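All residue numbers refer to positions in the sequence shown, counting from 1. Whatever order the structure lists them in is the order used to number ligands and atoms, beginning at 1.
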Amino acid sequence: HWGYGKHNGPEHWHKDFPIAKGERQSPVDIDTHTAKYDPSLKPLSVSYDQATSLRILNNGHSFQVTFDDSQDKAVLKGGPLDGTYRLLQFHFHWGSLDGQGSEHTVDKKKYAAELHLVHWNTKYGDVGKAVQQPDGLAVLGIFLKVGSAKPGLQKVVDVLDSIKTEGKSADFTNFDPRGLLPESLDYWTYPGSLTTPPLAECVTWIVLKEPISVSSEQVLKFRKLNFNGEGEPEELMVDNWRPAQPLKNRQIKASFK
Ligand SMILES: [Zn+2]
């Protein structure tokens with residue numbers, strides 16, 4: 001029953017998911033002046049050359065592109081991480097207008113959207129077990145600003161008309177997620193949570209400093225999706241972001257000076 005509306009949105013989630021008021025919730029505001037450069041942090045290793053995308057799905061909260069995670073084909077390592085994390089899916093959060101949509105913020109600045117590339121720690125064997133562990137998941141977060149088009153996003157944009165409503169999916173093979181990355185892998189990192197129910201406190205967040213640019217036409221296509229199922233009153237899938245949560249006793253570390 002949870003969603004992003006007045007009666008089921010983020011301010012309501014704690015009733016079914018009390019960890020919503022926990023000690024390591026996401027997203028957060030990244031205060032750039034307070035984040036500590038950590039020279040012990042390693043470069044991130046993003047190994048997506050053998051990625052195998054499977055499907056694209058409207059799940060009623062976002063759209064997601066799903067990958068074969070049954071072998072080490074597209075993996076995240078290094079950075080703040082110990083061990084190997086397999087790419088399972090990516091999805092986005094976005095706004096009704098360009099001045100909101102991101103989940104993380106940077107010195108209170110909201111971006112138009114935020115891409116989450118979701119990975120799970122192979123030492124737990126499957127994602128269901130990983131979400132029960134404090135180091136179970138690593139989510140790579142990438143901000144989107146509106147300007148020039150992102151060519152590597154266009155294949156995604158062009159199939160969204162086929163998954164307009166909740167429950168629709170389509171074949172989405174041979175998609176290369178490397179086409180969604182910025183030039184720099186400079187990042188901030190902190191321990192946090194899933195940003196949607198069940199809000200499990202299982203995520204090492206890795207948020208890239210450099211946004212990607214997408215065009216107004218690309219983000220407009222996101223905003224034509226629907227939260228509702230076919231047949232139900234049409235409610236545009238916009239503003240599917242959770243606001244910044246209290247940092248509490250956490251330190252955000254920077255990979256860069
Ligand atoms: Zn997300």
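- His93 has its ring centre no less than 6.0 Å from the ring centre of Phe222.
- Judged purely by distance below 3.5 Å, without hydrogens or angles, the side chains of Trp120 and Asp69 pair a donor atom with an acceptor atom.
- Here the Zn ion (ligand 1) has protein N, O or S atoms under 2.8 Å from it, and they come to 3.
- Taking the centre of each ring, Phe256 and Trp188 come in below the 6.0 Å mark.
- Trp205 and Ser26 are linked by a side-chain donor-acceptor pair at a separation below 3.5 angstrom, with hydrogens and angles left out of the test.
- Centroid-to-centroid, the aromatic rings of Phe90 and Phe175 come within less than 6.0 Å.
- To the nearest 0.5 angstrom, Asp98 atom CG is 14.0 Å from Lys110 atom NZ.
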